[PDB]
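Some notes on the structure that comes next.
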Amino acid sequence: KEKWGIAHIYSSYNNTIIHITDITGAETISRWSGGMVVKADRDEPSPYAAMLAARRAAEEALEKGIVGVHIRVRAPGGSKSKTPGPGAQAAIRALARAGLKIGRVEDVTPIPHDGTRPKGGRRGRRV
Amino acid sequence: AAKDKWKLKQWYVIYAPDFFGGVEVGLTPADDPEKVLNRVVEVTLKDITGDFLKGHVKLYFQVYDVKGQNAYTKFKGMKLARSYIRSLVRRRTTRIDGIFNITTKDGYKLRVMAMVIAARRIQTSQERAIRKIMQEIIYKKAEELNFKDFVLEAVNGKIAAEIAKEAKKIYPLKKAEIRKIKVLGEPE
Amino acid sequence: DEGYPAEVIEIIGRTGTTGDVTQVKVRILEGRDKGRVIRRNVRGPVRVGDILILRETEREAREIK
Amino acid sequence: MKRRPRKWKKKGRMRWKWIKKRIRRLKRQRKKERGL
RNA sequence: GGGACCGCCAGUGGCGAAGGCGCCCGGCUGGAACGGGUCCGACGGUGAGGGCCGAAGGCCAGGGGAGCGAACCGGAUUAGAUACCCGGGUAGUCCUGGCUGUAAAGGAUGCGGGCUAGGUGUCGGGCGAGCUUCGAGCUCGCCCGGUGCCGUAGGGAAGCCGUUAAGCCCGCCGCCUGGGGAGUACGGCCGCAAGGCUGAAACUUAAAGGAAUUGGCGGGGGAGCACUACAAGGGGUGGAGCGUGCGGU
RNA sequence: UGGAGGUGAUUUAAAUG
RNA sequence: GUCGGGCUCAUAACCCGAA
Ligand SMILES: [Mg+2]
Ligand SMILES: [Mg+2]
Ligand SMILES: [Mg+2]
Ligand SMILES: [Mg+2]
Ligand SMILES: [Mg+2]
Ligand SMILES: [Mg+2]
Ligand SMILES: [Mg+2]
Ligand SMILES: [Mg+2]
Ligand SMILES: [Mg+2]
Ligand SMILES: [Mg+2]
Ligand SMILES: [Mg+2]
Ligand SMILES: [Mg+2]
Ligand SMILES: [Mg+2]
Ligand SMILES: [Mg+2]
Ligand SMILES: [Mg+2]
Ligand SMILES: [Mg+2]
Ligand SMILES: [Mg+2]
Ligand SMILES: [Mg+2]
Ligand SMILES: [Mg+2]
């Protein structure tokens, strides 16, 4: 038939993580981050690092029989920033280029209905 | 050796529950079939019944039994897509929510979230009256129907249509939906 | 190993710290995405009808004001 | 203490909050010695 | 398994004396507007003394502790860095019973009554008219009470205020009398404590303070320009000996 | 035409006369 | 640490060479 999986993309201002699981999520097919493809901390969240990691993960997934994925992309969320970093969309485009079919795309950033207090004080970072 | 470990795994076919058709919804890998129990899969209603309208309705199925290379599931809950309900809430409209705990005719415990969107801003007393209409309709439906019939009428849109027809007399409406369902308990 | 040629069809504007960079729209002439139009950043004088040799065709420059 | 909002202006003087803290520090020393 | 908090809708929107108050359902309870050929019959205003309420923080007893985080412990930055930045972290932040009575507690504008052009939004109640899917629905006009904006007479040093007055008039209470010394010293009352209320003198000084003007400047914004600016380049000076000018001796 | 509010952000170091 | 030169309107910081 068609073996379909899920691509979980975690994108912040400091790094990017691309993690492919099966359709239920309980089994890990492949997992690559920005620090595994570059040597400098400054380049970890760049679009090019996201492309490289997505390509490695997609190749490992294709060798094992995955044909397509559905995509779940998230920023850190909670009491941290709600906006994804610059690597998410580059990672999305690279998966399709490497040979995977793409299903539905959704954002799953966790959002509180008035949760906890964030760091920094009532004055924030002072730079 | 890592590749060898991946070669021990067999693939199992997952089926939808009996009253949804029992069709094939996917495949999942595992070495021991005991580890397949209690896994959950999310599928849209458009996948089961083919129609390009109900693509935002998401159903969750949980594996409860494995026989051979087949895995069978039960209904666990339902939710509308985040981007869909985000497109409904606007400024200069009113959003009315109601969260109710119910028991079905055959002893199932459920929690049900309903939502109504009014055309313009309305007074607090009118919101309360609409919420009360929602509560009465849902309690009556729970009294009448079994688990399977209630779930089907909730996901098709029948209960919402009854709610909108009843709530027209308080204020004209823009939308009416069963926002979410979760199953809490099952009969002994 | 030998790059892919692309033809400049439109000039967008100048950029860079000292104004030394120009952004253009190019059409790929060879390879997998032959026919695709993408925008790129270039160092040096350039006009409509020039040909660049891109070493890869998956990076696209950010649109400038 | 009584309020003198003119003292809060900054032209040609140090911040009143810290002047107040210094005055209170001085008053504690006098009260301790008055007990002996 | 746990403790705190209720997103979007949300509106110079609503309620309250002020401080303050936002998930849903049920019970108890305070105040106001509108409608009123209902009742009482000046029963009113202000208020020295006196009384009650009063953010955050702090204190005294007993609980609780997710997240955050004075003090403190480490990593950096720097000439130094007792900080700003990063990794941890006690009190506290939460609940029950008390004490403390303080804020740029600011509408920096005490409260009651009469009068003095308009225009235009919005919230609650009432009236009239027209629509209507017959809805506790929609549109327009008018009265009363709240809540914004523009503005006439008048006011003001001006900024501006202008029927929600900082305008003209009838009341009562509180406060001020150049800048500092000083909200200090001494005396008293209150508080477990920290602290609160009350409050001078010797001496010093020509301004201090307010609103607005023209410039100059900004590690503020926008537009424009130069090989004594850069970018892309070509040739060099700075090291040696010597010509010549300057400092010093 | 001109105004009043709210939420986000702000790429090293740089004392003195 | 000493001496000399850079950078600055100038001083401190900072950079270079030397004994
Ligand atoms: Mg790393
Ligand atoms: Mg700094
Ligand atoms: Mg004054
Ligand atoms: Mg009194
Ligand atoms: Mg810290
Ligand atoms: Mg911490
Ligand atoms: Mg206040
Ligand atoms: Mg104010
Ligand atoms: Mg005052
Ligand atoms: Mg009205
Ligand atoms: Mg009011
Ligand atoms: Mg009015
Ligand atoms: Mg005016
Ligand atoms: Mg005086
Ligand atoms: Mg005393
Ligand atoms: Mg020069
Ligand atoms: Mg140059
Ligand atoms: Mg020379
Ligand atoms: Mg120097």
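Values reported hereafter were calculated over all heavy atoms of this structure, with side chains retained and with hydrogens, waters and symmetry mates removed. Labels below follow one simple rule: chain letters A, B, ... track the order of the sequence lines, proteins then strands, and each chain is numbered from 1.
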Sugar-phosphate atoms are those with a prime plus P, OP1 and OP2; base atoms are the rest. Using that split, label each nucleotide of nucleotides 64-73 of chain E B, S or - for protein heavy atoms under 4.0 Å, 5' to 3'.
---SSS----

Under-3.5 Å N/O pairs linking protein and nucleotides 204-211 of chain E:
| unit_1 | atom_1 | unit_2 | atom_2 | d |
| --- | --- | --- | --- | --- |
| E:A208 | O2' | D:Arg6 | NH2 | 3.1 |
| E:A208 | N3 | D:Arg6 | NH2 | 3.4 |
| E:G209 | OP2 | D:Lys11 | NZ | 3.3 |
| E:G209 | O4' | D:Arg6 | NH2 | 3.4 |
| E:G209 | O3' | D:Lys9 | NZ | 3.3 |
| E:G210 | OP1 | D:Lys9 | NZ | 2.7 |

Side chains of B:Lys109 and B:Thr103, donor plus acceptor under 3.5 Å
yes

Just wondering, more than 12 heavy atoms not from B:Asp18 lying within 6.0 Å of its CG?
no

If a positive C1'-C2'-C3'-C4' torsion means north (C3'-endo side) and a negative one means south (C2'-endo side), where does E:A211 fall?
north

B/S/- along nucleotides 184-190 of chain E (protein heavy atoms under 4.0 Å) is SSS----

Does atom CD of C:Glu56 have more than 12 heavy-atom neighbours, drawn from other residues, nucleotides or ligands, at distances under 6.0 Å?
yes

Given Watson-Crick and G-U pairs under 3.5 Å, RNA chain F in dot-bracket ([ ] crossing, | other strand) is ..............|||

Exceeds 12 heavy-atom contacts within 6.0 angstrom, atom OH of A:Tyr48
no

No-H, no-angle donor-acceptor pair, A:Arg126 side chain to E:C85 base, under 3.5 Å:
no

Looking at side-chain heavy atoms only, is the closest gap between B:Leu110 and B:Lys182 below 4.5 Å?
no

N/O to N/O distances under 3.5 Å, protein versus nucleotides 21-27 of chain E:
| unit_1 | atom_1 | unit_2 | atom_2 | d |
| --- | --- | --- | --- | --- |
| E:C24 | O3' | B:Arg131 | NH1 | 3.3 |
| E:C25 | OP1 | B:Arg131 | NH1 | 3.1 |

Is it true that B:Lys67 and B:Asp65 make a salt bridge, defined as a side-chain N closer than 4.0 Å to a carboxylate O?
no

Tabulated below should be each protein N or O lying under 3.5 Å from an N or O of nucleotides 7-17 of chain F; please produce it.
none

Answer syn or anti for E:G37, where the cut-off is 90° from 0 on the glycosidic torsion.
syn

Side-chain atoms of D:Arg24 come closest, of E:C9, E:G196, E:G137, to E:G196

Euclidean distance for P, E:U102 against E:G195 (whole angstrom):
15 Å

Fill in the dot-bracket string of RNA chain E, one character per base: . for unpaired, | for a pair to another strand, ( ) or [ ] for pairs within the strand, taking Watson-Crick or G-U pairs under 3.5 Å.
.............((....))...................................(((((((...((...((((.........))))...))))))))).........((((((..((((((((((((((.....))))))))))))))...((....)).....)))))).....(((......((((....))))....)))............................................

Looking only at atom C1', what distance separates G:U8 and E:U249, rounded to whole Å?
29 Å

Counting heavy atoms from C-beta on, name the nucleotide in E:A231, E:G183, E:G125 closest to the side chain of B:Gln123.
E:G125

Base, sugar-phosphate, or nothing: which does D:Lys31 touch, judged by heavy atoms less than 4.0 Å apart?
sugar-phosphate

Between B:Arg39 and A:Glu27, does at least one N-O distance fall below 4.0 Å, as a salt bridge requires?
yes

Identify the residue among B:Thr93, B:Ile170, B:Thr94 that makes a side chain to side chain contact (heavy atoms under 4.5 Å, CB included) with B:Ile122.
B:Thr94

Nucleotide nearest D:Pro5 when distance is taken to its side chain, options E:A108, E:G11, E:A104:
E:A108

Using distance alone, with no hydrogens and no angle criterion, decide if D:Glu33 and D:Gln29 have a side-chain donor and acceptor under 3.5 Å apart.
yes

Ring pair (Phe, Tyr, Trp, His ring centres under 6.0 Å): which pairs involve residues 76-107 of chain B, sequence neighbours left out?
B:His56-B:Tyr84

Tell me whether C:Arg27 at atom CZ has more than 12 heavy atoms from other residues, nucleotides or ligands lying less than 6.0 Å away.
no

Have a look at C:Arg14 and say if it touches a base, only the backbone sugar-phosphate, or nothing, with a 4.0 Å heavy-atom cut-off.
nothing

Charged N to carboxylate O below 4.0 Å: is that the case for A:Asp107 and B:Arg82?
yes

Going by torsion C1'-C2'-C3'-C4' being positive (north) or negative (south), E:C123 has its sugar north

Contact list for residues 44-63 of chain B, test salt bridge (charged side-chain N to carboxylate O under 4.0 Å, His left out), sequence neighbours left out
A:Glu106-B:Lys58, B:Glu42-B:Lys58

Quick one: are D:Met1 and D:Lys20 in side-chain contact, heavy atoms under 4.5 Å?
yes

Counting any heavy atom closer than 4.0 Å, what does D:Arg4 reach on the DNA or RNA strands: base, sugar-phosphate only, or nothing?
base

Taking A:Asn14's backbone N and O only, do any of them form a donor-acceptor pair with A:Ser12's side chain (distance below 3.5 Å, no angle check)?
yes

Check whether NZ of the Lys or CZ of the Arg B:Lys74 lies under 6.0 Å from the centre of the six-membered ring of B:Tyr64 and within 45 degrees of that ring's axis.
yes

For the side chain of B:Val89, starting at C-beta, report the closest nucleotide among E:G196, E:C138, E:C9.
E:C9

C1'-based separation of E:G110 from E:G187 [nearest Å]
34 Å

Need one value for A:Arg122: base, sugar-phosphate or nothing, where a base atom within 4.0 Å counts as base even if backbone is also close, heavy atoms only.
nothing

Ignoring the backbone of C:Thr18, work out which of E:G7, E:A231, E:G195 is nearest its side chain.
E:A231

Using the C1'-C2'-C3'-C4' torsion, which pucker class fits E:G22: north or south?
south

Suppose you measure atom P in E:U198 against the same atom in E:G183; what distance do you get, rounded to whole Å?
15 Å

When rounded to the nearest Å, what value does the distance between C1' atoms of E:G245 and E:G215 take?
44 Å

For E:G135, does the glycosidic angle fall within 90° of 0 (syn) or outside that (anti)?
syn

What's the closest nucleotide to the D:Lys2 side chain, out of E:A108, E:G135, E:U198?
E:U198

Nearest of E:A10, E:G183, E:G195 to any side-chain atom of D:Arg28?
E:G195

Please state yes or no: are the six-membered rings of E:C43 and E:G44 less than 5.5 angstrom apart at their centres, with planes tilted under 30 degrees?
no

Go through the side-chain N and O atoms of C:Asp20 and C:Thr18 and say whether any donor and acceptor fall under 3.5 Å apart.
no

Which residues share a ring-ring contact (aromatic ring centres under 6.0 Å, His included) with B:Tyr15, sequence neighbours left out
B:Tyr72

May I have all residue pairs that pass ring pair (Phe, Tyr, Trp, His ring centres under 6.0 Å) and include part of residues 69-93 of chain A, sequence neighbours excluded?
A:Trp4-A:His70

If the glycosidic angle is within 90 degrees of 0 it's syn, otherwise anti, so just tell me which one E:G87 is.
anti

Tell me the salt bridge (charged side-chain N to carboxylate O under 4.0 Å, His left out) pairs involving residues 42-60 of chain A, sequence neighbours left out?
A:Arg55-C:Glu58

